[PDB]
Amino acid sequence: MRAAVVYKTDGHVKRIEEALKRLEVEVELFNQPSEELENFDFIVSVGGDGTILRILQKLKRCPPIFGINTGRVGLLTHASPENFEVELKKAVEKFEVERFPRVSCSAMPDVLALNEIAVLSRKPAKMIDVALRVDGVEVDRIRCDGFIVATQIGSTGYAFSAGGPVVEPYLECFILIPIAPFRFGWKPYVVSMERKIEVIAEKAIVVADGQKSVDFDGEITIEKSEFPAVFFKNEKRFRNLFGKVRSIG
């Protein structure tokens, strides 16, 4: 097999390359994410969750990702630098994987998002008027700094900061939530990911996973794509969720 090792910082990389060599895996090193990562049997990401999001932005078909967490919280990672070798051995030898859905947005045709699509004001400290439609029916209209359409994996990201619920990773859904809504009452809405979401706003920008962005005016449609994020199986993902969330800062 051949693996790609993607690292934001140079630390721990020689060690990981050595461990992979013991597993009879050929290694190629990447200091930046690349679409060439599609040509590998699996990917080892060294960094936090953002490294993983930036890797995913290069992949349509996704080789399974193994994350070694040097960042902050590491909801998408599998191991720490202090003990990754055993978990990596398990992952390569069993080769069991999990798939989580990614969403596409009509404003950025070739871009996929694991966490969220956010619609924001082009100008900080100015609001936009956002209308939300789900399966063709207008369900809300609200003045806000922006509006988030997150997956369940994104429930612990931007949506969390905006006041959203923590949703377990195996419950497929969208979380629909405004950022700084100028209204007396508002609630996050949690809907089936099989539904079509439309967000309508003028003078806005759309951002996927905090990485890629574009101006738009009028309507954008957001729907589940055919190209999920693929990770090695983390048997502790549900258990670890609650502790990791409490450490978010």
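Residue positions are given as counts along the sequence shown, with the first one as 1.
- Across the two stretches, 213 to 221 and 184 to 192, the PDB entry reports the greater mean Cα temperature factor for 213 to 221.
- The stretch 71 to 79 shows the higher mean C-alpha B-factor when 95 to 103 is compared against 71 to 79 in the entry.
- Per the PDB record, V137 has a higher Cα B-factor than any other of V137, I177, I128, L112.
- Compared with the other modelled residues of the chain, the Cα B-factor recorded for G157 ranks in the lowest third.
- In the PDB entry, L23 places in the highest third of its chain by CA B-factor.
- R246 sits in the middle third of its chain by CA B factor, as recorded in the PDB entry.
- In this PDB entry, the Cα temperature factor of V149 sits in the bottom third of its chain's modelled residues, the lowest group.
- Ranked against the other modelled residues of its chain, the C-alpha B-factor of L171 as given in the entry falls in the middle third.
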